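Trainee:
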Amino acid sequence: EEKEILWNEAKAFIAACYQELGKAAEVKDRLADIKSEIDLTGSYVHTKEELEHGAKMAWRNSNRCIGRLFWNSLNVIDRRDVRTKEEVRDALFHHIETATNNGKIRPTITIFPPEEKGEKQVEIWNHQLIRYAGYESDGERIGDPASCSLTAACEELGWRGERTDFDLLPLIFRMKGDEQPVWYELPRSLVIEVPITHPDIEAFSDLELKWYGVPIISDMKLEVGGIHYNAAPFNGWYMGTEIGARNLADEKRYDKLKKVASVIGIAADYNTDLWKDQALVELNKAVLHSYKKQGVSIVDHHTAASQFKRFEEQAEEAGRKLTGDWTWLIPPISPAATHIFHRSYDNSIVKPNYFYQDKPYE
Ligand code: HEM
Ligand SMILES: Nc1cccc(CCCNCc2cccc(OCc3ccc4ccc(N)nc4c3)c2)n1
Ligand SMILES: [Cl-]
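Written as structure tokens, this is what we have:
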């Protein structure tokens, strides 16, 4: 039980990790040191090299991610030494600052202590480290509907949002042995935000839309050789459609297409006018324009798919199977204008990888 699965994943991982690092000779002894450690202790501890390359492999294996060309330049921050809430908080603050990098975003992951055996050492409640709160009372909706349950969790613990449409949620996480999480307001100085303007349509600013600079996904588990890093927030830069075609456009999110139609001067009355499609394009142009104007990293979906084609080519050249989720790789805007749409992808799950895990709240 347990201890044998771990040993199994350890061999598979160390073998492949050391091959890729050109250290195949050291596999026998390292598996023989892991040998004993799992016997005596029930677990084993990755070297800094194994953990860094493991997190990079996990990104490379993420079937749904179009951005995987850059998997090998991931900036991995080893924070397995953290023991206190102040240290977790400061490491999360640090992640924001160094990932943001004044707008020239650095793909970064901060890795906290892995679970003991099932027991989390640190449990992060945020979905992303920077995200907007969401409210619904009396049928007035404010903010980001996808954040309603966490926002309400946060307000149970004594936080109170100003109830703008763009309240920054606090960092919220629980330590092993604490019954409740703590929360910390984000220092505003750390959070870049981009007002959404349009290159051509001066009135687009009347919408008073903004989005934050850096998506830092903080609720996924990193699995590396049987070790379960449930707390390992990571970030890339945005692909513009995530903001323009989903966050700001979806009916169950900010639902802005009808307001976009009005400010760009087209009627939103007939499906055959394709006003939603037109508003989608103009909003997505505005998002790319705005991030570029402010000097915040962003990629459009055409360039992203172009990079992903190079990832595919690199995989074949390296003899690695390519895996991918066609339904998530195609962009939600003009998908058939990318090569992705016109091919198929094996959706097999390879480890190391990032995985969903149950929310600690409800
Ligand atoms: C460098 C810029 C990056 C871009 C532009 C990018 C782009 C994306 C996009 C567009 C998605 C689809 C999500 C959606 O449509 O809502 C995605 C999924 C994903 N990306 Fe990336 N990504 C990047 C970096 C990273 C990094 C650094 C990691 C981890 C180290 C990562 C891991 C993933 C994972 C795990 C998913 C799937 C999440 C899920 O199932 O919900 N990505 N990526
Ligand atoms: N029914 C379907 C079918 C097909 C595709 C979809 C797309 C889901 C998008 N629905 C918004 C959303 C929900 C949950 C998680 C999300 O984020 C994942 C993620 C992870 C890492 C990223 C790294 C960089 C970056 N730029 N983005 C990332 C996004 C998004 N739904
Ligand atoms: Cl997002």
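Residue numbers (my numbering): 867 to 1228.
Even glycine gets a Cβ: it sits at the ideal position worked out from N, Cα and C.
So is the beta-carbon of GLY888 under 6 Å away from any non-hydrogen atom of ligand 4?
Mentor: With respect to ligand 4, the structure shown offers nothing to examine, as its ligands consist of ligand 1, ligand 2 and ligand 3.
Trainee: So what does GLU1002 bridge to, in DSSP terms?
Mentor: Position 136 of the sequence shown, counting from 1, holds the residue named residue 1002. Note: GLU1002 sits in a beta bridge opposite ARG1007.
Trainee: Using C-beta distances below 6 Å, list every residue in its chain close to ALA1019, excluding the 5 sequence neighbours before and after it, in chain order.
Mentor: On the sequence shown, residue 1019 is found 153 positions in, with the first residue counted as 1. Cβ within range, chain order: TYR1227.
Trainee: Quick one: complete alpha helix (DSSP H) runs, 4+ long, within the region 873-916?
Mentor: Entirely contained in the region 873-916, the alpha helix (DSSP H) runs reaching 4 residues are, in chain order, 893-907.
Trainee: Identify the residues that DSSP records as bridge partners of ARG1040: which are they?
Mentor: Here residue 1040 refers to the residue found at position 174 when the sequence shown is read from its first residue. Paired residue(s): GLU989.
Trainee: Among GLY933, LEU906, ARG930, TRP937, whose alpha-carbon lies nearest the alpha-carbon of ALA921?
Mentor: Position 55 of the sequence shown, counted from the start, is the residue given in the question as residue 921. Measuring from the Cα of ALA921, the nearest candidate turns out to be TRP937.
Trainee: Rank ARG945, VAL1080, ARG1119 by C-alpha distance to the C-alpha of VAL1162 and give the top, closest one.
Mentor: Locating residue 1162 in the sequence shown gives position 296, where the first residue counts as 1. When each option's Cα is compared against that of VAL1162, the closest is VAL1080.
Trainee: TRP1194: beta carbon under 6 Å from a heavy atom of ligand 2?
Mentor: As a first step, residue 1194 is located in the sequence shown; it is residue number 328 there, counting from the start. Answer for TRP1194: yes, Cβ within range of ligand 2.
Trainee: Does any heavy atom of ligand 3 sit closer than 6 Å to the C-beta of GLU1108?
Mentor: Walking along the sequence shown from the start, residue 1108 turns up at place 242. Result yes, Cβ under 6 Å from ligand 3.
Trainee: Based on the DSSP secondary-structure assignment, which residues constitute the bridge partners of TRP1049?
Mentor: Stepping through the sequence shown from its first residue, residue 1049 is reached at position 183. Looking at the DSSP assignment, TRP1049 forms a beta bridge with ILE1038.
Trainee: Assign residue 1229 to one of three DSSP states: helix, strand, or coil.
Mentor: In this structure the chain extends from 867 to 1228, so residue 1229 is not present and cannot be described.
Trainee: When you compare only the Cα positions, how much space is there between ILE1062 and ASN1150?
Mentor: The sequence position of residue 1062 within the sequence shown is 196, counting from 1. The sequence position of residue 1150 within the sequence shown is 284, counting from 1. Spanning the two alpha carbons is a distance of roughly 10 Å.
Trainee: If you drop the 5 nearest sequence neighbours on each side, which residues of the same chain put their C-beta closer than 7 Å to that of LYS877?
Mentor: Looking up residue 877 in the sequence shown gives position 11. Cβ within range, chain order: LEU897.
Trainee: Is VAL1162 near ligand 1 - that is, is its Cβ less than 6 Å away from at least one heavy atom of it?
Mentor: Residue numbering aside, residue 1162 sits at position 296 when the sequence shown is read from its first letter. Result no, Cβ not under 6 Å from ligand 1.
Trainee: Is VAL1153 buried or exposed, if buried means 16 or more other CB atoms sit within 10 Å of its CB?
Mentor: To locate residue 1153, count along the sequence shown from 1; it is residue 287. With 16 or more other Cβ atoms within 10 Å, it is buried.
Trainee: Return yes when at least one heavy atom of ligand 3 lies under 6 Å from the C-beta of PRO1081, else no.
Mentor: For the purposes of this step, residue 1081 is taken as the residue at position 215 of the sequence shown. True, at least one ligand heavy atom lies under 6 Å from that Cβ.
Trainee: From what residue to what residue does the beta strand (DSSP E) around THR976 run?
Mentor: As a first step, residue 976 must be located in the sequence shown, where it is residue number 110. Run containing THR976: 974-977, per the beta strand (DSSP E) assignment.
Trainee: Would you call the region 924-933 and the region 1213-1220 touching, i.e. three or more CB-CB distances under 8 Å?
Mentor: Judged by Cβ distances under 8 Å, the region 924-933 makes contact with the region 1213-1220, as three or more pairs qualify.
Trainee: Should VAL1090 be labelled buried (16 or more other beta-carbon atoms within 10 Å of its own) or exposed?
Mentor: Here the question's residue 1090 lines up with position 224 in the sequence shown. With 16 or more other Cβ atoms within 10 Å, it is buried.
Trainee: Exposed or buried, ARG945, counting other C-beta atoms within 10 Å across all chains shown (16 or more means buried)?
Mentor: By one-based count along the sequence shown, residue 945 stands at place 79. It counts as buried.
Trainee: Just checking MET1105 against ligand 1 - is the residue's beta carbon closer than 6 Å to any of the ligand's heavy atoms?
Mentor: Taking the sequence shown and counting its residues from 1, one reaches residue 1105 at position 239. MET1105: yes, Cβ under 6 Å from ligand 1.
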